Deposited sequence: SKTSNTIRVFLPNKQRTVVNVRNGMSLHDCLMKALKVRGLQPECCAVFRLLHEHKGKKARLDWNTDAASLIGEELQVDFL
């Protein structure tokens, strides 16, 4: 149960989704470690025209998706 996330500055991560975490909570560590914070970024679901997402979207609802996080 993971989500592939493309990150600013040509970085990327795959995160494990534990039960009951929002996207904010789910990506906090991967962003913190790279000197970013969710506050000044937007997150998008990439389709199969990307869809902008609220950071409070539940991470378990995006299992198997690909996301982009980008500076605002």
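Peer 1: Could you list, start to end, the deposited-sequence stretches with no C-alpha atoms?
Peer 2: Missing from the model are residues 1 to 4, 53 to 56.
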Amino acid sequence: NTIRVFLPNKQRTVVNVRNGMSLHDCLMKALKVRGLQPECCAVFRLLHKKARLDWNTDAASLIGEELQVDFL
From here on, numbers count along this sequence of modelled residues.
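Peer 1: For the C-alpha atoms alone, is the average B factor greater in 38 to 46 or in 25 to 33, going by the entry?
Peer 2: For C-alpha atoms only, the mean B-factor is higher in 38 to 46.
Peer 1: Return whichever of 54 to 62 and 12 to 20 has the greater mean Cα B factor according to the PDB record.
Peer 2: Between 12 to 20 and 54 to 62, it is 12 to 20 that shows the higher mean C-alpha B-factor.
Peer 1: Could you place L72 in the lowest, middle or highest third of its chain by Cα temperature factor, using the values in the record?
Peer 2: It belongs to the highest third of the chain when residues are ordered by C-alpha B-factor.
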